[PDB]
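What follows is a set of notes on a single structure, which appears directly below.
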Amino acid sequence: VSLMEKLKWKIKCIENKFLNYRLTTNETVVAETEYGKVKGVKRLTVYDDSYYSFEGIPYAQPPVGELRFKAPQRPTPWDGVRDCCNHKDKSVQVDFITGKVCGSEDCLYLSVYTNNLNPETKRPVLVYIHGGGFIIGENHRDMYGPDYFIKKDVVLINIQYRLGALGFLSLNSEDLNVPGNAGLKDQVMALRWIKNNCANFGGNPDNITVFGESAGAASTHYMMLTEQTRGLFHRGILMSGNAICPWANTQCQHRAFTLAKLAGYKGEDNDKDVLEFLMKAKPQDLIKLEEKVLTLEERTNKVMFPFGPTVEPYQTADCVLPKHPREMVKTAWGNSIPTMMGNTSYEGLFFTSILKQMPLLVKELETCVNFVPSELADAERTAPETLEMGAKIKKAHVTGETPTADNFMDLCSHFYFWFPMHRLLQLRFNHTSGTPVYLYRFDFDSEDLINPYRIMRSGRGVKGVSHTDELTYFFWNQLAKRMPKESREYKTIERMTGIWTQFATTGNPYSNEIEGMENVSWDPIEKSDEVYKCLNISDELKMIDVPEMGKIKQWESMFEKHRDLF
């Protein structure tokens, strides 16, 4: 990331600190939790609203020392008042602006926000799980500010969970009790804390919505798949992702050794000696080296991250993913709760940055074999069957004689997002009570209001609605500003938070108290539907047929001779 964006960020960081001070009040409050009392504080928003803020509530034991890489344990109760007027640190990770490691191993906290601590009726409980590819992210308000949501009458909660190798190391040896998915197991324990404590903040424990975007979307989906959380929450919103996206799981059991070697380990590939080294290494050193773990083969086959969600090699008490995600949909309690899913209108436009450093990636579209789903393609991607699937991909996205950058980013929309969405819907249809699923397509483009991910994807002065462009209209961030109430930006904030809160409350996303939904008749998807219908969210709110349907079906035809793998 460029030196200018670095200094610009440094200055906005300094601004945000002083703003946060100014926006604080002296009105402190105390709430009960099952672990003991917590002291929160009231804060202001730039829209002259206010909210109670409880930050830094522990939901797990600090996972340091001997607890590193392990499933989380319940925190120790205290008797007195715990100070929750300040945010805790983020999970150890590489900062995308600076490039330096930041954060701490002590990161298993959550934040509770609400405009009213003593509501006359118990409120909808909304739980946000952040994305960031399971390797970056945080619940700090400089990134996920509750300022928009607190205009509505909900309780909003933002969790953290362990990222990267510290969150997702996995070892085969059953004796060492590092099966994997510790970060997911962090999410489960936060959910249980939210179940049992949200009433003390005015929340309805029988009306909880979990939602997330990107890796947060796949997390939300994982929380709907596992037996560990059955009945815990009642609605789900999958924003740009789910658990069967190609990036959303990987078998990483051999990569521990690679990571140890990068970090100075001398010895042989056996799990015990690997684990002992990794247990004593500096967290920052482990996180800094994660970038180098993936081989060239793996990157070529589109493996995006070294460590992440995985099928655990042996079942333990806290086990979360005991089979491949596709197999879990077939037995998932979450299949029978109201669900909303959706994508932006140009998801893959995100990858512009990566394309500018690697122009060669656009030649991959000449045969498109590297984009054939892994479970279908051969090792070298050279088999005649593979070139044949590759061809079907190429006819779907290459518009001219020669492949373009837009063809590429278009393909990525489908490879990483639409096609996995299509596979999940169809699969879910086969194994469900018949609760509704609603589709949206976020198609609103503005550059007047942005979020920090635009800095990352080099999204300055680039038209189209990329992956994460929608977060801008849900949370406050330190790049935001107060928008006039008549602006298209402000109106979309109202519409977006309105719909989400409407769905959180009723399990139905439609309301005519939302401006622009007058002629909207938003139906759920039926299995009988050959074409997906979704609410397209732009300057106007209009029900349409999913524009990406034709390509979606083209991708499906790769499974013609392999329908059981669909």
_So if I check each of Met224, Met189, which one is part of a helix (DSSP H, G or I) and touching a helix residue (DSSP H, G or I) at 6+ places or on another chain (Cβ under 6 Å)?_
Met224
*Counting just the residues of region 495-522 that are touching a residue at least 40 places away in the same chain (Cβ under 8 Å) and part of a loop (DSSP other than H, G, I, E, B), which one comes out nearest to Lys542 (Cα to Cα)?*
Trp522
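Condition check ((1) touching a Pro at 6+ places or on another chain (Cβ under 8 Å); (2) closer than 21 Å to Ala190 by Cβ; (3) of a type in the set (A, V, I, L, M); (4) crowded, with 16+ Cβ neighbours inside 10 Å) across all residues:
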position: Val38; (1), (2), (3), (4): no, yes, yes, yes
position: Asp49; (1), (2), (3), (4): no, no, no, no
position: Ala60; (1), (2), (3), (4): yes, yes, yes, yes
position: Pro63; (1), (2), (3), (4): yes, yes, no, yes
position: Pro72; (1), (2), (3), (4): yes, yes, no, yes
position: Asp83; (1), (2), (3), (4): no, yes, no, no
*Name the one entry in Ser91, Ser50 that is in contact (Cβ under 8 Å) with a residue 12 or more places away in the chain and over 20 Å from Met143 (Cβ atoms).*
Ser50
*Cβ pairs under 8 Å, 6+ apart, first in region 446-467 and free of Cβ contacts under 8 Å to residues at least 60 places away in the same chain, second basic (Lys, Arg) and surrounded by fewer than 18 Cβ atoms within 10 Å (Cβ to Cβ)*: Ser446/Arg488; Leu449/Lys481; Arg454/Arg460
*asked:* Step by step: first the residues of region 209-232, then only those that are of a type in the set (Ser, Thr, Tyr) and more than 17 Å from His130 (Cβ to Cβ), then the one that is surrounded by the fewest Cβ atoms within 10 Å (Cβ to Cβ). Which residue is that?
replied: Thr229
_Based on this model, can you work out whether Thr367 counts as crowded, with 16+ Cβ neighbours inside 10 Å, within 25 Å of the chain's Cα centre (by Cα) and more than 30 Å from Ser538 (Cβ to Cβ)?_
no
_On the basis of being surrounded by 21 or more Cβ atoms within 10 Å (Cβ to Cβ) and not small (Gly, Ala, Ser), does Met340 make the cut?_
yes
*Of the conditions (1) free of Cβ contacts under 8 Å to residues at least 60 places away in the same chain; (2) part of a strand (DSSP E or B); (3) in contact with a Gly (Cβ under 7 Å, 6 or more places away or on another chain), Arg43 fails just one. Which one is it?*
(3)
_With assigned to a helix (DSSP H, G or I), crowded, with 22+ Cβ neighbours inside 10 Å, at negative phi and over 16 Å from the mean Cα position of the chain (by Cα) as the only criterion, which of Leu171, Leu166, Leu184 stands out?_
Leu166
*Applying the selection to region 169-228, what residues are in contact with a strand residue (DSSP E or B) (Cβ under 8 Å, 6 or more places away or on another chain) and among the hydroxyl-bearing types (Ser, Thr, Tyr)?*
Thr209, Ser214, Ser219, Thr220
*Starting from residues that are of a type in the set (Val, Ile, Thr), crowded, with 17+ Cβ neighbours inside 10 Å and closer than 16 Å to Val210 by Cα, keep the ones in region 477-516 and report whichever is farthest from the chain's Cα centre (by Cα).*
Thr505
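Heads up, the Cβs are rebuilt from the backbone with ideal geometry, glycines too, and the neighbour counts pull from every protein chain shown. Every read-out reported here was derived from the displayed coordinates using simple, explicitly stated rules and does not represent laboratory data.
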